[PDB]
């Protein structure tokens, strides 16, 4: 049985976790947390990297960091994971959905400005499949209207846009280390990346349960106190040690996934040039991370038939997002501005193929040959 995903395994995780257990300090903000956060700061360039329990928690932390208030409007795609919306609705935001581009399934940057109102406070681009949104256009829009930009870079660890690491471009960026993403912190995890230097101090306060604890450890105050509403956005140092093993192998993993990605593209390009399917687009300025390999079929019937075909060959391929805006909570918490030209239509024909670090070359060729048989 060929699964859709298997978590990355590097072969050093156990050793690093054992080392963490030898230190006797497994709670958050430990030695391996510092190592991972320093690595992201050094290699990606953010002002502060902060490990969290999940990308969901990182997104919630960003909404709280931005002091989102009831009635504030947050612009985001409808074609994204539910947590992108929840994080802001939890702070009372109304969600303003904007259609996606057909070529990359990312929010259409040429549609964001038309959705801005005097209540708009932030824009949340989602880098679908590790392919960056058109960030220069989005930052220019946000600066013209004095909006925060929050990157949902859950799928974009090691991705770049014009040489810049995804997650370091907006004011705040969020990573996911769930076992289905490129790197995993032992099953679950996330990171908030603070790129606006004026937000670092507040980020440290809300992450530390609303206290100026980090400021006390720095020696700037005699004692710390409860000074704001906060939460606990901490990863265990056990999970940070698992993550470190993976981050130490960051390029190894990235290069393996990219090579696998390119075998899919080579094999399926003829079916695309014949117009039977559509393959992913990777715009010139975008350095992808092979988070997924998706294809688009004619419609949901074509998609369903291919998935059930692959299932009968014991290959697990899956579709992705259902548009948030036409879900019951989406109609309650948000509105879709402008026409839904591509969000529903394109979501209904997209299928994702098995892709993961340890996917064998033999299993991959089995997937390819089953696909070719279906279209033959």
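Positions refer to the first chain, counted from 1.
Enquirer: Looking at the deposited entry, does 217-225 or 191-199 carry the larger mean Cα B-factor?
Expert: 217-225 has the higher mean C-alpha B-factor.
Enquirer: Determine, for stretches 155-163 and 271-279, which one has the higher mean CA B-factor as deposited.
Expert: Averaged over C-alpha atoms, the B-factors run higher in 271-279.
Enquirer: Checking the entry, which one of 291, 209, 305, 178 has the top C-alpha B factor?
Expert: That would be 305.
Enquirer: Using the temperature factors of the C-alpha atoms in this entry, rank residue 118 within its chain: lowest, middle or highest third.
Expert: It belongs to the highest third of the chain when residues are ordered by C-alpha B-factor.
Enquirer: If you rank the chain by CA B-factor, which third does residue 102 end up in: lowest, middle or highest?
Expert: Middle third of the chain for residue 102's C-alpha B-factor.
Enquirer: Sorting by Cα B-factor within the chain, modelled residues only, which third would residue 2 end up in: lowest, middle or highest?
Expert: Answer is lowest: the recorded C-alpha B-factor places it there.
Enquirer: Mind checking which third residue 296 falls in for C-alpha B-factor across the chain?
Expert: Tercile = middle for this residue's CA B-factor.
Enquirer: Could you place residue 146 in the lowest, middle or highest third of its chain by Cα temperature factor, using the values in the record?
Expert: Ranked within chain, residue 146 CA B lands in the highest tercile.
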